[PDB]
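In what follows, a structure is listed as structure tokens, so that the remarks can point back to it.
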Amino acid sequence: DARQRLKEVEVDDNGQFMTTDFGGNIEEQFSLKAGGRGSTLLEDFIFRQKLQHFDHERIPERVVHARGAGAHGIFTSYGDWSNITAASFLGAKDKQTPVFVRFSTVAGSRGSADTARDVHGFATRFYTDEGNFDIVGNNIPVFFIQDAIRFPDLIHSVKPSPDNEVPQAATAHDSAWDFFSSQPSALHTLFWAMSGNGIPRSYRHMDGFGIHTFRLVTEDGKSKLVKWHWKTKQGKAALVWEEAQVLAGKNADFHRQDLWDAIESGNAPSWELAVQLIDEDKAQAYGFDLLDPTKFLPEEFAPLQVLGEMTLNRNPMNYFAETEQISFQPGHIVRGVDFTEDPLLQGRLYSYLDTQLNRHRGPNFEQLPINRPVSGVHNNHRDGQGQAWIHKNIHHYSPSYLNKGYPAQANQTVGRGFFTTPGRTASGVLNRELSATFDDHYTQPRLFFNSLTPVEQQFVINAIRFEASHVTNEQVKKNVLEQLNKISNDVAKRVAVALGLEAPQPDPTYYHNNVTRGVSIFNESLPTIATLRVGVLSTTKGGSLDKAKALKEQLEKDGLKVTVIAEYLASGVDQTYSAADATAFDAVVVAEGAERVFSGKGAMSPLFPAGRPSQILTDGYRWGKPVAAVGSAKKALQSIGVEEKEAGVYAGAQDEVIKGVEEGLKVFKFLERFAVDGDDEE
Amino acid sequence: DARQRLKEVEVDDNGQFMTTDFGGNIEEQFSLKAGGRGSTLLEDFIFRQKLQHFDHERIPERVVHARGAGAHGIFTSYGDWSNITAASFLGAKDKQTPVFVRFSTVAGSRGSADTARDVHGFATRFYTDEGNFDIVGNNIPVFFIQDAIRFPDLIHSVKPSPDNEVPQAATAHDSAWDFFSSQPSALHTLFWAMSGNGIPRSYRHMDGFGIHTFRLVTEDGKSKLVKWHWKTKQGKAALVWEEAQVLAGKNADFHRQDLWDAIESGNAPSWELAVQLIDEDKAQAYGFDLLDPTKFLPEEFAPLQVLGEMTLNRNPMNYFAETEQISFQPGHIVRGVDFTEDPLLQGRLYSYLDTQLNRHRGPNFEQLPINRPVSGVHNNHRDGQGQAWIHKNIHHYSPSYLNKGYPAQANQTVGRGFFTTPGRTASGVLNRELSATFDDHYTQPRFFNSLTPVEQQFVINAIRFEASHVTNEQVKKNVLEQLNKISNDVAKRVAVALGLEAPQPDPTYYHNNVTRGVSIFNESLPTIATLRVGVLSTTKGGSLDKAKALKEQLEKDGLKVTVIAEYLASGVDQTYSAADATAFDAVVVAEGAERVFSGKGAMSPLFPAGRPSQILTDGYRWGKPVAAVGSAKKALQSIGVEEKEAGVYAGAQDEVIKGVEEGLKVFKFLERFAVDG
Amino acid sequence: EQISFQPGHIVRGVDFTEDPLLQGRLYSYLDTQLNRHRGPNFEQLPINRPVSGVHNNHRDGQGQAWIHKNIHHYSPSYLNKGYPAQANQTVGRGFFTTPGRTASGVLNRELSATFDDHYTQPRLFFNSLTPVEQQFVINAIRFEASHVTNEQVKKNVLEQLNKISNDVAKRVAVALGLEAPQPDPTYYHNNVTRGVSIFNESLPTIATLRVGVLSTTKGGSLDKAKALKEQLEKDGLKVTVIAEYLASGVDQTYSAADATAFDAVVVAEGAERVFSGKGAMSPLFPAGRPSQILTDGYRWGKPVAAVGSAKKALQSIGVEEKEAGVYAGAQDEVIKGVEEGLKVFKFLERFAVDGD
Ligand code: HEM
Ligand code: HEM
Ligand SMILES: [O]
Ligand SMILES: [O]
């Protein structure tokens with residue numbers, strides 16, 4: 001149990017009487033009043049201590065990544081990696097370290113939709129025996145900007161306009177695209193956010209990236225440059241934008257429920273921890289500066305080397321005390337790892353320490369149960385708001401004769417202390433510049449786009465088309481066009497069509513045809529269909545429900561989560577048509593006999609909105625999901641104009657439908673149903 | 001200008017050089033580094049002062065009503081109401097007072113959807129010349145509970161489950177309906193939230209209520225029990241649930257953008273301030289206790305009397321500094337008004353003062369510009385976090401010989417001070433009880449009688465939707481037993497969706513009484529100004545030119561028209577990819593645009609498959625006025641809709657416009673929604 | 001520093017009264033913790049936690065240190081099975097307001113007329129003190145009011161003091177150079193009550209009381225001071241031997257010593273050398289410091305003593321062994337006297353009284 005250390009602070013209220021926060025049993029359902037219908041007394045200490053705690057429940061949301069969810073788990077190392085790092089948690093085969101991971105979006109506030117289009121956070125804490133080590137990552141390997149001092153500008157431009165606070169959780173407005181086109185470094189991450197990475201199917205279907213080049217350091221002090229990767233064992237998978245939008249309204253907790261259900265049902269998700277390793281003397285040897293956070297390292301140049309695997313198997317007990325209160329920091333570093341001169345990472349180190357003082361209203365936030373290490377804290381820090389400990393050492397200073405030198409200094413050779421990479425040097429003038437090696441803002445965006453499938457490329461273009469069409473200012477849109485044209489003339493011309501702007505002329509300085517692996521989502525089927533959702537649309541009339549039950553039981557044998565849907569909650573029905581939507585499922589199957597609710601009287605009922613079963617089937621097909629119908633229910637396929645032998649469409653008896661649906665869930669999205677530019681011309 | 005007093009804190013950065021927050025021109029786009037590719041220096045004071053302010057931007061959200069928006073305006077008194085109130089802002093005909101209003105939901109956090117189903121906040125501050133007076137109200141005249149000590153229990157049960165923080169901005173889960181059925185006083189507000197009041201069309205289409213009985217007190221101390229009412233001059237209007245769900249994802253800012261656009265375009269919304277006035281001897285005269293906030297006073301027993309009008313005509317300059325930071329309080333009371341022994345109002349007075357300490361992390365929040373009164377502050381308060389003034393009176397205590405007695409005491413006789421109603425008394429033992437007069441929780445919900453038949457189905461279908469999400473079978477059964485105490489028919493129709501058997505009739509509280517003013521769909525809209533028409537066109541053929549002429553004549557009646565086509569050609573406001581029917585009050589197909597509902601024109605890569613047909617289908621099924629000009633009838637036929645239907649218009653441009661504008665007064669065509677049976 | 005006291009921290013079996021001062025305290029101690037502790041969870045601090053267990057539906061707040069198991073954090077509720085459950089007078093040992101307390105009358109912003117006597121009990125308190133104890137009060141008032149620059153405030157104070165006692169006002173008026181006001185006898189009375197005097201009762205024990213022994217590193221004084229100390233410590237006294245420097249057996253130097261630190265001062269024999277002449281002029285302490293300590297100790301009413309030839313030190317400051325609280329002779333004589341004097345603690349014979 002990864003939460004084992006947290007059980008000492010867990011409070012069980014069952015079987016007990018109500019109390020105040022300072023003890024004493026009470027009743028707290030009536031205010032103390034001066035007379036039968038009199039005014040409430042100031043001396044009602046019970047009322048005041050109850051309402052004051054309610055009044056003070058909220059803490060500030062995170063300044064970025066305010067919307068997200070998390071879970072506990074275990075990380076297991078696959079070997080003794082002392083040959084590359086002194087990091088304790090990687091020092092032996094099958095060594096296990098408790099983790100907590102929080103996934104998130106970036107721009108939206110606390111109550112915004114999971115399926116907004118956005119970069120996604122992927123923050124992992126290792127509770128190692130030599131301190132907490134945090135990898136505060138994203139599901140995209142490059143970031144918008146090259147210097148941390150520009151972070152407020154980026155975030156202000158993509159967060160709501162400061163006059164009306166419109167729009168929520170979205171880059172589709174003037175200020176954001178004004179910034180993307182005025183700061184061309186941002187276009188690489190923008191392309192990633194405009195792809196499937198911006199609308200993933202779940203937290204469990206994302207890769208993770210530390211983005212920055214870090215350093216692994218051995219006991220003798222030798223170092224190597226390193227990139228952190230998390231590779232999902234569930235496979236990468238993404239939605240389509242028109243589906244993500246409906247899902248934002250139908251279930252804004254789609255992603256956090258996904259992770260919770262997967263863990264509750266015993267299908268804990270896993271990611272493998274992998275690294276790219278680079279010699280120090282090759283930091284600038286691959287066509288870009290490895291200090292540049294707007295660049296990723298093509299796997300053709302440095303392949304991923306798996307070090308271990310992380311499994312998230314325990315949900316939190318109290319979301320606020322654990323998920324909301326946890327405080328990640330890239331400054332949470334340990335012996336065996338070091339920073340680099342990445343100007344974006346450099347400022348992060350200051351920013352995450354500082355912002356905790358705003359979120360937690362004091363300096364003792366590492367004493368919170370979810371932030372505490374398991375390795376012990378011994379120093380001369382004292383006092384501060386909410387000090388939860390009572391220190392014994394009264395000589396709280398160093399050096400000291402009176403405390404005998406304890407707590408004692410630890411460094412590279414004594415006490416396994418942290419040490420900066422010994423060979424690191426500084427050379428040159430103090431400057432407020434960026435290295436000229438950071439100047440190329442277009443080559444890698446072109447590289448990313450080249451490496452996507454044709455329909456995947458169309459998704460990127462259609463996302464940009466959707467986003468840029470919200471920009472009111474004409475010049476901003478033309479500025480966007482000029483910047484896009486430096487990535488690819490074809491992308492600019494296809495985006496320009498939606499904008500009503502003239503197709504720009506080629507500017508080939510950065511054009512190229514190179515491609516790289518690992519970057520696509522839709523060119524690979526899932527390695528497993530466990531936890532994937534199947535909506536079975538049935539009816540309470542006739543014998544349809546009995547068949548849906550058998551259809552459900554066999555589908556569950558393969559590890560799928562099946563929801564039987566009908567007019568009302570008859571025996572065996574999991575959900576009503578009124579409460580059902582196609583966004584909640586990865587495949588839709590119409591049970592035999594349920595074709596009655598797709599036409600005629602059966603489709604017009606007071607118990608669900610008009611056309612709901614037809615709409616669920618239409619949404620699922622148009623959003624590329626595997627859809628099916630058993631036996632006579634093929635008439636439902638007919639009523640929305642879907643043909644039986646289309647790709648990802650399955651009609652027949654129960655068993656062939658079951659096999660066809662499960663095969664289609666591996667494909668996940670059938671991209672034959674999405675038009676590409678040039679298809680419609682006569 | 002209602003924002004006139006805020007002018008002296010506005011800061012213009014145009015034409016200026018970047019500075020730190022302590023002065024000095026700077027550059028702040030490059031960190032100071034030791035060498036060309038070096039680490040950033042701690043001595044970079046520019047970097048840290050910029051990032052420190054960014055790192056500390058967020059303050060805690062409101063514990064409830066976290067999601068909302070507001071605007072400035074003016075209240076105008078219609079008369080000299082000194083015969084009923086000593087309140088100065090009501091003391092003269094045509095006397096104008098600046099106001100700020102915040103509308104909101106209740107349950108959702110700050111980034112939740114406007115069109116979630118919820119009770120809605122309607123908070124108004126009068127910046128009167130005798131102090132700030134706030135009417136912190138809802139768009140529903142009754143509240144869930146009868147004693148403020150139960151507010152954490154109510155809010156904990158409605159807000160997300162504390163284990164996983166699911167669901168956001170929704171009562172449709174186990175704990176809420178567990179609470180609704182375990183605490184039956186909640187059923188009245190529950191019914192209101194399950195009606196059109198839970199999913200309003202906009203803030204400007206809501207009524208508002210102070211809920212509590214207050215007291216108006218004249219200069220000589222005579223008092224009247226009073227109910228505050230805001231009556232919208234735009235008319236009440238609501239969505240349908242299946243449309244509000246889609247709108248929650250397509251535009252989470254639907255309501256705050258609507259308010260912003262109405263004001264910016266010069267269509268300032270208005271509400272009339274009206275009161276119900278009854279003597280003290282009527283507190284228990286109408287079959288319920290007026291100190292009970294779960295009951296409202298039927299207008300048949302005390303009609304509305306209008307006192308003035310408020311109009312919101314100026315948007316904020318900085319959302320955070322004005323809308324986010326404003327701190328409403330029911331304790332914000334002035335001379336001429338007093339509280340009552342309402343046990344729910346009683347505890348609010350403590351809570352709103354106390355909670356400001358959490359949201360603003362200091363005692364000086366009334367010094368913030370949007371919280372400041374216009375009438376002057378003179379007392380012996382000193383210091384505190386962020387003290388923004390410098391006090392001259394060094395003898396900051398009373399009584400005192402040294403300050404000559406200033407600042408001096410004010411009361412009923414001298415200085416127009418506040419005074420509690422002189423006639424109020426206390427009698428009885430100290431008790432942690434409620435009056436037995438609070439016992440009836442079912443008569444007034446049996447509100448349901450006063451809705452139109454389809455309006456009633458909406459309530460049933462909302463309860464059917466929400467209760468179906470409840471996983472515990474016994475909670476569902478407990479819910480049905482409580483609904484059966486209000487109406488056996490309601491229990492039976494809800495039990496159907498739950499696959500349960502409704503209990504046998506429990507006629508204790510049954511009755512067939514009705515009351516006016518609580519329905520929404522029984523009344524056409526008085527104005528269609530600011531209402532929005534989506535015109536579906538296509539870049540091919542001569543459709544665009546006709547859609548522009550159609551737009552031109554529709555704007556002449558004050559409507560907001562959006563022309564939709566495959567891309568942003570000349571005259572196109574929005575692409576099909578970016579468009580959705582939730583954004584419009586009416587959908588009209590321009591002549592020629594039938595080409596994008598079938599054939600090749602419907603399969604362009606520029607928008608998702610079937611998007612034009614989806615838009616017209618959405619608008620019809622959600623009850624909107626829908627229409628098509630000339631050859632565009634084909635689009636109506638392609639989705640099975642016919643000319644002879646209510647709220648569907650076909651023919652020439654002149655005929656379509658006349659029909660659409662009249663259907664927009666109807667607003668929702670309820671013949672398209674099936675009723676049980 | 002962190003502990004947070006509240007009069008509202010009340011338990012079953014105790015209840016409040018309608019004291020208008022107490023009533024407002026209950027509000028202000030809860031509220032002020034939000035300022036001092038910047039959050040609502042200050043009762044979770046180790047020094048503030050009860051030992052009896054906390055079970056309620058409070059959640060979240062800054063610095064929330066626990067992880068609650070009950071996901072149904074509300075009442076009433078079927079899903080939590082009614083737990084945590086309500087407790088009242090008859091079930092659960094719950095708190096309950098006194099059943100018989102009643103409210104009656106108009107809501108008012110007033111005080112009861114029964115509160116209107118501000119002078120009788122101040123008079124009663126002053127009556128029940130010893131004569132020199134009364135003089136300490138008068139000399140405190142004379143010191144305090146002489147700092148008031150405003151003439152009218154000084155007369156306002158006298159006008160109010162004259163309501164308590166005309167003699168008190170007269171004696172204070174002297175120090176202020178103001179006229180003796182004429183009697184205002186409305187609240188004058190001669191009643192006394194027990195238990196309010198400090199100086200009318202000797203101390204029940206002298207354990208922990210402090211004795212400073214003034215000695216010198218020259219001669220054999222330190223040897224005798226060590227013997228004097230060992231016997232005084234037998235009675236539970238804390239003894240500090242003082243000399244020019246920290247020789248063996250010295251607890252404190254004259255430079256660091258002051259009479260304020262001790263309850264009795266006794267000069268060890270031979271130490272009279274540091275009270276006049278060369279022994280009083282040394283770079284190791286401020287000039288006259290041993291004589292200042294003895295002078296201070298005497299003038300502040302302490303038991304002071306000298307052993308043997310050290311009585312010259314008492315003569316050097318004009319103090320004679322005849323006096324109460326002054327002891328001389330050999331060691332055992334001085335020990336028994338000083339220990340007797342410590343029970344009296346302060347010798348009020350050394351403080352002049354108005355017209356004595
Ligand atoms: C490669 C670049 C970056 C990555 C991968 C990244 C990732 C993340 C993630 C995952 C979180 C959420 C942690 C959680 O779930 O609690 C977060 C929060 C945050 N980030 Fe970043 N971020 C990056 C850039 C930056 C920069 C450049 C700054 C400032 C200079 C910054 C400042 C912050 C702050 C202040 C928070 C809030 C932390 C808290 O309130 O506890 N980030 N970031
Ligand atoms: C008839 C009953 C009630 C009405 C009409 C009402 C209305 C409102 C409204 C409109 C707001 C939003 C103010 C804004 O826009 O900033 C609000 C917030 C709030 N309410 Fe209520 N509410 C009621 C019941 C209660 C009760 C019983 C309590 C506690 C005992 C309570 C505590 C609060 C708090 C703490 C806030 C946050 C205020 C702030 O952070 O500035 N409410 N309420
Ligand atoms: O971030
Ligand atoms: O509220």
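Starting from 1 in every chain, residues are counted up; chains themselves are A, B, ... following the order of the structure tokens, and ligands are numbered from 1 as listed.
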Task: Contacts with ligand 2 at most 6 Å, only C-alpha atoms and all ligand atoms counted, listed as an NGL selection string - done: (:A and (55)) or (:B and (62-65 or 102-103 or 121-123 or 136-138 or 143 or 148 or 151 or 210-212 or 327-328 or 344 or 347-348 or 351-352 or 355-356))
Open item on the list: Show me which residues are within 12 Å of ligand 3 counting only C-alpha atoms and all ligand atoms, and format the list as a ChimeraX atom specification.
Closed with: /A:62-66,104-107,119-123,136-138,143-145,148,150-152,154-155,210-211,328-330,344-345,347-349,351-352,355 /B:54-55
TODO: At a cut-off of 7 Å, list the chain A residues touching chain C, using only C-alpha atoms, as number ranges by chain.
DONE: A: 9-27, 34-35, 42-43, 45, 53-54, 56-59, 317-318, 320-321, 360-361, 368-369, 385-386, 388
Task: helix (DSSP H, G or I) residues, from DSSP on the backbone, in stretch 197-439 of chain B, as number ranges by chain - done: B: 197-198, 203-205, 241-250, 254-264, 280-282, 319-324, 343-360, 365-367, 436-438
TODO: Excluding stretch 289-299 of chain A and residues on its chain fewer than 4 positions from it, collect all residues at most 7 Å away from it, counting only C-alpha atoms, and give them as a PyMOL selection string.
DONE: chain A and resi 141-146+185+188+211-213+283-284+303-304+341-342+344+437-438+444+516-517
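Secondary structure from DSSP on the backbone puts strand (DSSP E) at the following positions of stretch 555-610 of chain B: residues 560, 561, 562, 563, 564, 565, 574, 575, 586, 587, 588 and 589 of chain B.
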Surrounding residues of residue B:58 excluding itself and chain neighbours under 2 positions, 7 Å, only C-alpha atoms, as a PDB file with N, CA, C and O atoms, in the first residue's frame:
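result.pdb was written with the following content:
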```
ATOM      1  N   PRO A  60      -6.084  29.186  -2.378  1.00  0.00           N
ATOM      2  CA  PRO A  60      -5.947  29.589  -3.783  1.00  0.00           C
ATOM      3  C   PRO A  60      -5.646  28.389  -4.666  1.00  0.00           C
ATOM      4  O   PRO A  60      -4.891  27.492  -4.288  1.00  0.00           O
ATOM      5  N   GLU A  61      -6.259  28.371  -5.846  1.00  0.00           N
ATOM      6  CA  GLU A  61      -5.916  27.352  -6.820  1.00  0.00           C
ATOM      7  C   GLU A  61      -4.500  27.589  -7.338  1.00  0.00           C
ATOM      8  O   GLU A  61      -3.935  28.679  -7.205  1.00  0.00           O
ATOM      9  N   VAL A  63      -1.600  28.550  -9.720  1.00  0.00           N
ATOM     10  CA  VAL A  63      -1.587  29.644 -10.686  1.00  0.00           C
ATOM     11  C   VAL A  63      -1.632  29.099 -12.110  1.00  0.00           C
ATOM     12  O   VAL A  63      -2.214  29.726 -13.003  1.00  0.00           O
TER      13      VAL A  63
ATOM     14  N   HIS B  56       2.030  34.873  -7.162  1.00  0.00           N
ATOM     15  CA  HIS B  56       1.109  35.209  -6.083  1.00  0.00           C
ATOM     16  C   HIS B  56      -0.180  35.846  -6.590  1.00  0.00           C
ATOM     17  O   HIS B  56      -0.834  36.587  -5.855  1.00  0.00           O
ATOM     18  N   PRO B  60      -8.043  32.863  -2.830  1.00  0.00           N
ATOM     19  CA  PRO B  60      -9.038  31.787  -2.738  1.00  0.00           C
ATOM     20  C   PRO B  60     -10.352  32.190  -3.390  1.00  0.00           C
ATOM     21  O   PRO B  60     -10.795  33.334  -3.283  1.00  0.00           O
TER      22      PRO B  60
END
```
Open item on the list: Can you work out which residues from chain B touch chain C at a cut-off of 10 Å (counting only C-alpha atoms) and hand them back as a PyMOL selection string?
Closed with: chain B and resi 150-157+161-164+174-183+354+357-358+361-363+384-385+400-402+419-432+472+474-475+478
Task: Between atom CA of residue A:379 and atom CA of residue A:364 - distance in Å to one decimal - done: 13.4 Å
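Nearest to chain B of all the residues A:606, A:504, A:527, A:91 is A:606, based on only C-alpha atoms.
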Task: Close residues, residue B:410 itself excluded, 12 Å, only C-alpha atoms, min 4 positions apart in chain, as a PyMOL selection string - done: chain B and resi 335+378-379+405-406+414-419
Open item on the list: Please find the residues of chain B near chain A - the criterion being any atom within 6 Å, counting only C-alpha atoms - and write them as a ChimeraX atom specification.
Closed with: /B:29-36,38-39,47,55-56,58-60,109-112,149-150,162-164,245-246,248-250,317-319,341,355,358,426-433,465,497-499,567-569,578,604-605,674-676
Open item on the list: Neighbouring residues of stretch 558-564 of chain B were defined as those with any atom within 12 Å, considering only C-alpha atoms; residues of the same chain fewer than 6 positions away were excluded. Please report them as JSON, numbers by chain.
Closed with: {"A": [469], "B": [258, 261, 262, 265, 266, 267, 527, 528, 529, 530, 531, 532, 533, 534, 535, 536, 537, 538, 539, 543, 544, 545, 546, 547, 548, 549, 550, 551, 552, 570, 571, 572, 573, 574, 575, 576, 577, 578, 579, 580, 581, 583, 584, 585, 586, 587, 588, 589, 590, 593, 596, 607, 611, 612, 615, 657, 660, 661, 664]}
Identify, on the basis of only C-alpha atoms, every residue whose closest approach to residue B:520 does not exceed 10 Å; exclude the query and any residue fewer than 4 positions from it along the same chain; express the result as a PDB file with C-alpha atoms, in the first residue's frame.
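As written to disk, selection.pdb reads:
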```
ATOM      1  CA  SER B 195     -37.543  24.190 -13.055  1.00  0.00           C
ATOM      2  CA  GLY B 196     -36.511  26.876 -15.544  1.00  0.00           C
ATOM      3  CA  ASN B 197     -34.869  28.817 -12.706  1.00  0.00           C
ATOM      4  CA  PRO B 200     -31.827  30.461 -17.157  1.00  0.00           C
ATOM      5  CA  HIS B 205     -33.671  37.061 -17.842  1.00  0.00           C
ATOM      6  CA  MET B 206     -33.840  36.253 -14.112  1.00  0.00           C
ATOM      7  CA  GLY B 235     -38.610  38.885 -19.045  1.00  0.00           C
ATOM      8  CA  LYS B 236     -37.831  35.495 -17.547  1.00  0.00           C
ATOM      9  CA  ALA B 237     -36.523  32.873 -19.968  1.00  0.00           C
ATOM     10  CA  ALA B 238     -34.962  29.427 -19.593  1.00  0.00           C
ATOM     11  CA  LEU B 451     -46.542  25.701 -13.685  1.00  0.00           C
ATOM     12  CA  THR B 452     -47.825  24.991 -17.175  1.00  0.00           C
ATOM     13  CA  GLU B 455     -43.212  23.284 -17.495  1.00  0.00           C
ATOM     14  CA  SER B 524     -43.972  35.771 -23.842  1.00  0.00           C
ATOM     15  CA  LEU B 525     -40.926  38.006 -23.737  1.00  0.00           C
TER      16      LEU B 525
END
```
